[PDB]
Amino acid sequence: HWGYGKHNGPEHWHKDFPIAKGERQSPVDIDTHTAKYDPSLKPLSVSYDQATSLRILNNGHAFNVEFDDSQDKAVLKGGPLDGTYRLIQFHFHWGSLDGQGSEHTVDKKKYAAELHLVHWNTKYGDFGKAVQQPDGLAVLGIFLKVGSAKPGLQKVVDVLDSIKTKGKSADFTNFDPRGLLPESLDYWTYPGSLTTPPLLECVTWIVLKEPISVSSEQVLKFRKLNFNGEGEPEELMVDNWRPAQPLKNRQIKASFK
Ligand SMILES: [Zn+2]
């Protein structure tokens with residue numbers, strides 16, 4: 001009832017999910033000329049040394065690399081955040097062409113893909129409770145451009161053949177998400193939403209300025225995934241991004257000058 005096709009894509013989502021037209025929807029365009037440096041942001045803290053990946057799942061819209069979130073093992077703190085946010089999963093959005101695929105844009109520039117590392121605020125006890133709160137989630141967004149390969153992505157790429165179709169999962173232990181980060185942690189932040197239904201307005205977005213580079217061959221393997229289930233007509237999983245939404249009564253703050 002929702003997807004990225006010709007008849008169920010983002011422009012239709014409001015019928016089942018009326019917050020699609022809400023006040024704090026994501027993604028947005030980041031205008032680097034109007035985002036203002038905020039010297040109050042605290043330092044941002046990514047603590048992934050104890051991360052425990054478990055599984056990778058094709059959910060029919062993207063693939064999720066899932067983590068054990070039953071202890072503070074991989075946590076995000078600092079920056080704009082109060083308290084501790086635990087990593088639950090990461091996933092990507094990507095294009096059919098290298099000139100599109102990201103959800104956020106920077107001065108209207110679209111990147112080839114965008115990585116979302118999803119974390120929930122431990123004060124709410126579990127993810128399902130957290131998404132009901134305005135400060136329930138913190139999503140670290142990282143742009144991907146096509147150039148050199150990202151060595152830390154290759155283990156993800158190589159398992160995709162085993163999860164080609166919707167509903168397939170595979171064991172995916174011992175994956176280190178630190179290998180997906182750029183050098184700099186400079187970021188923009190603003191209050192927003194999930195970018196897929198139910199589109200809940202529960203996210204503090206933290207979008208890194210520095211993209212990571214992936215190779216053409218790595219992105220091509222993302223584009224071999226399928227939206228459909230096994231034994232259904234093949235529909236390539238491409239262009240699984242929501243376009244920028246109105247900023248409305250929000251300000252984007254920068255961590256850097
Ligand atoms: Zn996402």
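Colleague: Got a minute to help me understand the UniProt feature "binding site: substrate" in the chain in this structure?
Modeller: Mapped onto this numbering, the UniProt entry gives "binding site: substrate" at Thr195 and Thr196. By the secondary structure assignment, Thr195 is in the loop between β12 (187-192) and β13 (203-208). Not counting chain neighbours up to four residues away, the residues in contact with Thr195 comprise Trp13, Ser26, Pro27, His93, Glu103, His116, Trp205 and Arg242. A polar side-chain atom of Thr195 sits 2.6 Å from a polar atom in the side chain of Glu103. Secondary-structure assignment places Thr196 in the loop between β12 and β13. Judged by relative accessible area, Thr196 falls into the buried class, the value being 17%. The residues touching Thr196, leaving out its near neighbours within four places in the chain, are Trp2, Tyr4, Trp13 and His61.

Colleague: Just checking my understanding: could you explain the packing of aromatic side chains for this structure?
Modeller: Centre-to-centre distance and the angle between the planes together describe a pair of aromatic rings. Following the criterion strictly, the structure yields 15 aromatic pairs and no others. Seen in terms of ring centroids, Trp188 and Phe256 are 5.7 Å apart; in terms of plane orientation they differ by 65°. Their pairing is edge-to-face. Taken together, the positions of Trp188 in strand β12 and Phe256 in the segment after β15 (253-254) put the pair 68 residues apart, joining distant regions of the chain. One aromatic cluster is present, formed by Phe63, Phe67, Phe90, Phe92, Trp94, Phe172, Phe175 and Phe222 through successive ring pairs. Stacked on the ring of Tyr111, the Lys or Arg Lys109 has its end atom at 4.9 Å from the ring centre.

Colleague: What exactly am I supposed to notice about unusual backbone geometry here?
Modeller: The bulk of non-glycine residues show a negative phi, and the bulk of peptide bonds are trans. Residue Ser26 is joined to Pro27 through a cis peptide bond whose omega torsion reads -5°. Here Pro27 shows up in the segment before β1 (29-30). Here the bond from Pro197 into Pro198 is cis, since omega is 15°, no more than 30 degrees from zero. Within the chain, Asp107 stands out as a residue other than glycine whose phi angle is a positive 55°. As for its position among the elements, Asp107 is in the loop between β8 (105-106) and β9 (113-121). Residue classification places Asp107 among the partly exposed residues on the basis of a relative accessible area of 33%. Residues other than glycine seldom take positive phi values, yet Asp239 does so here, at roughly 55°. When you line up the elements, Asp239 lands in the loop between α3 (216-222) and β15.

Colleague: Even after reading the chapter, I still don't get the pairing of β12, so can you show me in this structure?
Modeller: Regular strands place their side chains on alternate faces of the sheet. Burial analysis of β12 places five of its six residues in the buried class, which makes it a mostly covered element. With six bridges connecting them, β12 and β13 associate as antiparallel partners. Following the sheet pairing, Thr189 is matched in β13 by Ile206. As defined by bridge partners, β12 adjoins β15 across two bridges and the pair is classed as antiparallel. From the neighbouring strand, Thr189 faces β15, where its bridge partner is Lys253.

Conventions used here
- Numbers attached to residues count from 1 within each chain as its sequence is written and can disagree with those in the entry; no residue without coordinates is shown.
- As a convention, hydrogens and water are excluded, and side-chain values are obtained from all of the structure's heavy atoms.
- UniProt positions are given in the numbering used here, feature names are shortened, and annotations may be inferred rather than shown by experiment.
- For the purposes of this entry, the term helix denotes a DSSP run of H or I that reaches at least four residues, the term strand denotes a run of E that reaches at least two, and both are numbered from the N terminus.
- Contacts are assigned to residue pairs with any non-hydrogen atoms lying within 4.5 Å of each other.
- In protein, a polar contact requires one atom able to donate a hydrogen and another able to accept it; more generally it is a pair of N or O atoms within 3.5 Å, and residues adjacent in sequence count only if both atoms are side-chain atoms.
- Each residue gets one of three labels from its accessible area relative to the maximum for its type: buried under 20%, exposed over 50%, partly exposed in between, using a 1.4 Å probe on protein chains only.
- Side-chain rings of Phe, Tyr and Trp (the six-membered ring for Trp) are treated as a pair once their centres are within 6.5 Å; stacked means planes under 30 degrees apart, edge-to-face means over 60, and tilted covers the remaining angles.
- Placement of a positive charge over a ring is assigned whenever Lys NZ or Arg CZ falls within 6 Å of the ring centre and within 35 degrees of the normal to the ring plane.
- Strands were regarded as paired on the criterion that DSSP finds at least two bridges between them.

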